[PDB]
Structures are given as structure tokens and as C-alpha cells.
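Student: Dropping in work_7.pdb, with PDB, N, CA and C atoms and all ligand atoms.
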```pdb
ATOM      1  N   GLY A   4       0.806  -1.206   0.000  1.00  0.00           N
ATOM      2  CA  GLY A   4       0.000   0.000   0.000  1.00  0.00           C
ATOM      3  C   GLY A   4       0.843   1.261   0.000  1.00  0.00           C
ATOM      4  N   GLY A   5       1.750   1.364   0.966  1.00  0.00           N
ATOM      5  CA  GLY A   5       2.607   2.532   1.057  1.00  0.00           C
ATOM      6  C   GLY A   5       3.863   2.267   1.863  1.00  0.00           C
ATOM      7  N   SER A   6       4.572   1.196   1.520  1.00  0.00           N
ATOM      8  CA  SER A   6       5.796   0.832   2.222  1.00  0.00           C
ATOM      9  C   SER A   6       5.533   0.651   3.714  1.00  0.00           C
ATOM     10  N   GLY A   7       4.431  -0.018   4.037  1.00  0.00           N
ATOM     11  CA  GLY A   7       4.084  -0.249   5.427  1.00  0.00           C
ATOM     12  C   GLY A   7       4.392  -1.663   5.876  1.00  0.00           C
ATOM     13  N   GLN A   8       4.129  -2.630   5.003  1.00  0.00           N
ATOM     14  CA  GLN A   8       4.380  -4.032   5.316  1.00  0.00           C
ATOM     15  C   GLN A   8       4.929  -4.771   4.102  1.00  0.00           C
ATOM     16  N   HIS A   9       6.037  -5.482   4.299  1.00  0.00           N
ATOM     17  CA  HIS A   9       6.664  -6.235   3.218  1.00  0.00           C
ATOM     18  C   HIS A   9       7.124  -7.604   3.708  1.00  0.00           C
ATOM     19  N   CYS A  10       6.996  -8.609   2.847  1.00  0.00           N
ATOM     20  CA  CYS A  10       7.397  -9.967   3.191  1.00  0.00           C
ATOM     21  C   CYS A  10       8.827  -9.994   3.725  1.00  0.00           C
ATOM     22  N   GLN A  11       8.999 -10.573   4.909  1.00  0.00           N
ATOM     23  CA  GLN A  11      10.316 -10.663   5.530  1.00  0.00           C
ATOM     24  C   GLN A  11      11.320 -11.316   4.585  1.00  0.00           C
ATOM     25  N   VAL A  12      10.891 -12.384   3.921  1.00  0.00           N
ATOM     26  CA  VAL A  12      11.753 -13.099   2.987  1.00  0.00           C
ATOM     27  C   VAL A  12      12.196 -12.193   1.844  1.00  0.00           C
ATOM     28  N   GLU A  13      13.445 -11.741   1.903  1.00  0.00           N
ATOM     29  CA  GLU A  13      13.990 -10.866   0.871  1.00  0.00           C
ATOM     30  C   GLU A  13      13.841 -11.496  -0.511  1.00  0.00           C
ATOM     31  N   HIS A  14      13.864 -12.824  -0.555  1.00  0.00           N
ATOM     32  CA  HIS A  14      13.732 -13.549  -1.814  1.00  0.00           C
ATOM     33  C   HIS A  14      12.392 -13.245  -2.478  1.00  0.00           C
ATOM     34  N   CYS A  15      11.373 -13.003  -1.660  1.00  0.00           N
ATOM     35  CA  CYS A  15      10.040 -12.700  -2.167  1.00  0.00           C
ATOM     36  C   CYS A  15      10.095 -11.590  -3.213  1.00  0.00           C
ATOM     37  N   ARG A  16       9.036 -11.482  -4.008  1.00  0.00           N
ATOM     38  CA  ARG A  16       8.964 -10.463  -5.049  1.00  0.00           C
ATOM     39  C   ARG A  16       8.488  -9.131  -4.475  1.00  0.00           C
ATOM     40  N   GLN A  17       8.645  -8.067  -5.256  1.00  0.00           N
ATOM     41  CA  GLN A  17       8.232  -6.736  -4.824  1.00  0.00           C
ATOM     42  C   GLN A  17       6.745  -6.519  -5.079  1.00  0.00           C
ATOM     43  N   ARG A  18       6.226  -7.170  -6.115  1.00  0.00           N
ATOM     44  CA  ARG A  18       4.816  -7.045  -6.467  1.00  0.00           C
ATOM     45  C   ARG A  18       3.930  -7.247  -5.241  1.00  0.00           C
ATOM     46  N   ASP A  19       2.693  -6.771  -5.327  1.00  0.00           N
ATOM     47  CA  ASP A  19       1.746  -6.899  -4.226  1.00  0.00           C
ATOM     48  C   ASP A  19       1.656  -8.347  -3.752  1.00  0.00           C
ATOM     49  N   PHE A  20       1.403  -8.527  -2.460  1.00  0.00           N
ATOM     50  CA  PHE A  20       1.294  -9.861  -1.881  1.00  0.00           C
ATOM     51  C   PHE A  20       0.247  -9.889  -0.772  1.00  0.00           C
ATOM     52  N   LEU A  21      -0.011 -11.079  -0.240  1.00  0.00           N
ATOM     53  CA  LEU A  21      -0.991 -11.243   0.827  1.00  0.00           C
ATOM     54  C   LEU A  21      -0.371 -10.941   2.188  1.00  0.00           C
ATOM     55  N   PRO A  22      -0.853  -9.868   2.834  1.00  0.00           N
ATOM     56  CA  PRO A  22      -0.362  -9.451   4.150  1.00  0.00           C
ATOM     57  C   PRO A  22      -0.767 -10.420   5.255  1.00  0.00           C
ATOM     58  N   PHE A  23       0.044 -11.454   5.455  1.00  0.00           N
ATOM     59  CA  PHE A  23      -0.231 -12.454   6.481  1.00  0.00           C
ATOM     60  C   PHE A  23       0.935 -12.564   7.459  1.00  0.00           C
ATOM     61  N   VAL A  24       0.755 -12.006   8.652  1.00  0.00           N
ATOM     62  CA  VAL A  24       1.790 -12.041   9.677  1.00  0.00           C
ATOM     63  C   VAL A  24       1.608 -13.240  10.601  1.00  0.00           C
ATOM     64  N   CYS A  25       2.722 -13.799  11.063  1.00  0.00           N
ATOM     65  CA  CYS A  25       2.686 -14.951  11.955  1.00  0.00           C
ATOM     66  C   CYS A  25       2.549 -14.510  13.410  1.00  0.00           C
ATOM     67  N   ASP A  26       1.620 -15.133  14.126  1.00  0.00           N
ATOM     68  CA  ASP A  26       1.389 -14.806  15.528  1.00  0.00           C
ATOM     69  C   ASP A  26       2.695 -14.835  16.316  1.00  0.00           C
ATOM     70  N   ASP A  27       3.501 -15.863  16.076  1.00  0.00           N
ATOM     71  CA  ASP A  27       4.779 -16.009  16.762  1.00  0.00           C
ATOM     72  C   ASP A  27       5.869 -15.206  16.059  1.00  0.00           C
ATOM     73  N   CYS A  28       5.820 -15.189  14.731  1.00  0.00           N
ATOM     74  CA  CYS A  28       6.803 -14.461  13.938  1.00  0.00           C
ATOM     75  C   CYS A  28       6.220 -13.147  13.422  1.00  0.00           C
ATOM     76  N   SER A  29       6.612 -12.045  14.053  1.00  0.00           N
ATOM     77  CA  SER A  29       6.128 -10.728  13.661  1.00  0.00           C
ATOM     78  C   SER A  29       6.378 -10.474  12.178  1.00  0.00           C
ATOM     79  N   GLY A  30       7.459 -11.052  11.660  1.00  0.00           N
ATOM     80  CA  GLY A  30       7.793 -10.878  10.259  1.00  0.00           C
ATOM     81  C   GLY A  30       6.614 -11.144   9.344  1.00  0.00           C
ATOM     82  N   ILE A  31       6.449 -10.298   8.333  1.00  0.00           N
ATOM     83  CA  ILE A  31       5.352 -10.446   7.385  1.00  0.00           C
ATOM     84  C   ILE A  31       5.501 -11.724   6.566  1.00  0.00           C
ATOM     85  N   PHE A  32       4.372 -12.316   6.192  1.00  0.00           N
ATOM     86  CA  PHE A  32       4.376 -13.544   5.406  1.00  0.00           C
ATOM     87  C   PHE A  32       3.245 -13.538   4.381  1.00  0.00           C
ATOM     88  N   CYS A  33       3.433 -14.283   3.298  1.00  0.00           N
ATOM     89  CA  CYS A  33       2.431 -14.365   2.242  1.00  0.00           C
ATOM     90  C   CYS A  33       1.640 -15.665   2.342  1.00  0.00           C
ATOM     91  N   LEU A  34       0.494 -15.708   1.670  1.00  0.00           N
ATOM     92  CA  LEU A  34      -0.357 -16.892   1.683  1.00  0.00           C
ATOM     93  C   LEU A  34       0.277 -18.027   0.886  1.00  0.00           C
ATOM     94  N   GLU A  35       0.892 -17.680  -0.241  1.00  0.00           N
ATOM     95  CA  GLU A  35       1.539 -18.671  -1.092  1.00  0.00           C
ATOM     96  C   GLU A  35       2.895 -19.077  -0.521  1.00  0.00           C
ATOM     97  N   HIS A  36       3.606 -18.108   0.047  1.00  0.00           N
ATOM     98  CA  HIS A  36       4.918 -18.363   0.631  1.00  0.00           C
ATOM     99  C   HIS A  36       4.867 -19.559   1.577  1.00  0.00           C
ATOM    100  N   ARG A  37       3.732 -19.730   2.248  1.00  0.00           N
ATOM    101  CA  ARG A  37       3.557 -20.833   3.185  1.00  0.00           C
ATOM    102  C   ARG A  37       3.848 -22.171   2.510  1.00  0.00           C
ATOM    103  N   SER A  38       3.213 -22.401   1.366  1.00  0.00           N
ATOM    104  CA  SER A  38       3.400 -23.643   0.624  1.00  0.00           C
ATOM    105  C   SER A  38       4.876 -23.868   0.306  1.00  0.00           C
ATOM    106  N   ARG A  39       5.592 -22.778   0.052  1.00  0.00           N
ATOM    107  CA  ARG A  39       7.012 -22.855  -0.268  1.00  0.00           C
ATOM    108  C   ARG A  39       7.829 -23.226   0.968  1.00  0.00           C
ATOM    109  N   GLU A  40       7.390 -22.745   2.127  1.00  0.00           N
ATOM    110  CA  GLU A  40       8.081 -23.025   3.380  1.00  0.00           C
ATOM    111  C   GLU A  40       9.480 -22.414   3.379  1.00  0.00           C
ATOM    112  N   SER A  41       9.600 -21.228   2.792  1.00  0.00           N
ATOM    113  CA  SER A  41      10.882 -20.539   2.718  1.00  0.00           C
ATOM    114  C   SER A  41      11.218 -19.870   4.048  1.00  0.00           C
ATOM    115  N   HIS A  42      10.184 -19.570   4.829  1.00  0.00           N
ATOM    116  CA  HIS A  42      10.367 -18.929   6.126  1.00  0.00           C
ATOM    117  C   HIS A  42      10.616 -19.968   7.215  1.00  0.00           C
ATOM    118  N   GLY A  43       9.968 -21.122   7.084  1.00  0.00           N
ATOM    119  CA  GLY A  43      10.131 -22.180   8.064  1.00  0.00           C
ATOM    120  C   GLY A  43       9.369 -21.906   9.346  1.00  0.00           C
ATOM    121  N   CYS A  44       8.108 -21.510   9.208  1.00  0.00           N
ATOM    122  CA  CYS A  44       7.270 -21.212  10.364  1.00  0.00           C
ATOM    123  C   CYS A  44       7.350 -22.332  11.397  1.00  0.00           C
ATOM    124  N   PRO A  45       7.323 -21.954  12.683  1.00  0.00           N
ATOM    125  CA  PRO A  45       7.390 -22.912  13.791  1.00  0.00           C
ATOM    126  C   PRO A  45       6.123 -23.752  13.909  1.00  0.00           C
ATOM    127  N   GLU A  46       4.993 -23.168  13.523  1.00  0.00           N
ATOM    128  CA  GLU A  46       3.712 -23.864  13.586  1.00  0.00           C
ATOM    129  C   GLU A  46       3.258 -24.296  12.195  1.00  0.00           C
ATOM    130  N   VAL A  47       4.218 -24.675  11.356  1.00  0.00           N
ATOM    131  CA  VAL A  47       3.917 -25.110   9.998  1.00  0.00           C
ATOM    132  C   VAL A  47       4.904 -26.174   9.531  1.00  0.00           C
TER     133      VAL A  47
HETATM  134 ZN    ZN B   1       6.567 -13.591   0.675  1.00  0.00          ZN
HETATM  135 ZN    ZN B   2       6.123 -17.598  10.873  1.00  0.00          ZN
END
```
How does the structure come out when it is put into C-alpha cells?

Tutor:
Amino acid sequence: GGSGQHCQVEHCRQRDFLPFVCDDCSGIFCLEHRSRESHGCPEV
């Protein structure tokens, strides 16, 4: 929207994404990124 929230994973793209933050991991996460498991969520 305005440089407010961006996927923690630097590898992620710049294009718009799904603003999904992890309860345990404050870092921003995407809906698709989950399937990739690039972040390695503790509850995933
Ligand atoms: Zn992402
Ligand atoms: Zn997480």
C-alpha cells in the first residue's frame, strides 16, 4: 500500500502480496509463501 508491510523473505517479489503475519513471527508472510516453506514457520 505505502511501504508499510513487506514480506520478511527478501527472496520474495516486490509485487503486491498477501499481508499475512505470523502470531509467533512478527515478520510479514504471504499466503503462497507458506506452501514454499521458505520462512520455516514454527507452527507449519
Ligand atoms: Zn513472501
Ligand atoms: Zn512464521

Student: Do you know which residues the PyMOL selection byres (((chain A and resi 33-43) around 8) and not hetatm) returns on this file, as a list in words?

Tutor: residues 9, 10, 11, 12, 20, 21, 22, 23, 24, 25, 30, 31, 32, 44, 45, 46 and 47 of chain A

Student: Would you work out the distance separating atom C of residue 26 of chain A from atom C of residue 4 of chain A, expressed in Å to one decimal?

Tutor: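 We find that atom C of residue 26 of chain A and atom C of residue 4 of chain A lie 23.0 Å from each other.
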
Student: Check the DSSP output for the backbone and give back, as a ChimeraX atom specification, the residues of chain A in helix (DSSP H, G or I).

Tutor: /A:34-39

Student: Just to confirm, what's the straight-line distance from atom N of residue 16 of chain A to atom ZN of ligand ZN 1 (chain B) in Å (one decimal)?

Tutor: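 We find that atom N of residue 16 of chain A and atom ZN of ligand ZN 1 (chain B) lie 5.7 Å from each other.
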
Student: In terms of the shortest atom-to-atom distance over only C-alpha atoms and all ligand atoms, which of A:29, A:13, A:19, A:8 is closest to ligand ZN 2 (chain B)?

Tutor: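 Smallest separation from ligand ZN 2 (chain B) among the options: A:29.
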
Student: Calculate how many Å separate atom N of residue 5 of chain A from atom C of residue 18 of chain A, rounding to one decimal.

Tutor: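 So the two atoms, atom N of residue 5 of chain A and atom C of residue 18 of chain A, lie 10.8 Å apart.
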
Student: Find the axis-aligned box for segment 7-19 of chain A, covering all its listed atoms and adding 6 Å on each side, and write its centre and edge lengths in Å to one decimal as AutoDock Vina command-line options.

Tutor:
```
--center_x 7.8 --center_y -6.8 --center_z -0.3 --size_x 24.3 --size_y 25.5 --size_z 24.3
```

Student: Using DSSP on the backbone coordinates, identify the residues of chain A assigned to strand (DSSP E or B); present them as a short mmCIF file (atom, residue, chain, number, x, y, z; two decimals) with N, CA and C atoms, in the coordinates of the input.

Tutor:
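Final output, saved to selection21.cif:
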```
data_model
loop_
_atom_site.label_atom_id
_atom_site.label_comp_id
_atom_site.auth_asym_id
_atom_site.auth_seq_id
_atom_site.Cartn_x
_atom_site.Cartn_y
_atom_site.Cartn_z
N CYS A 10 7.00 -8.61 2.85
CA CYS A 10 7.40 -9.97 3.19
C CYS A 10 8.83 -9.99 3.72
N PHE A 23 0.04 -11.45 5.46
CA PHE A 23 -0.23 -12.45 6.48
C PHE A 23 0.94 -12.56 7.46
N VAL A 24 0.76 -12.01 8.65
CA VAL A 24 1.79 -12.04 9.68
C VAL A 24 1.61 -13.24 10.60
N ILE A 31 6.45 -10.30 8.33
CA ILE A 31 5.35 -10.45 7.38
C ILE A 31 5.50 -11.72 6.57
N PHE A 32 4.37 -12.32 6.19
CA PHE A 32 4.38 -13.54 5.41
C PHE A 32 3.24 -13.54 4.38
#
```
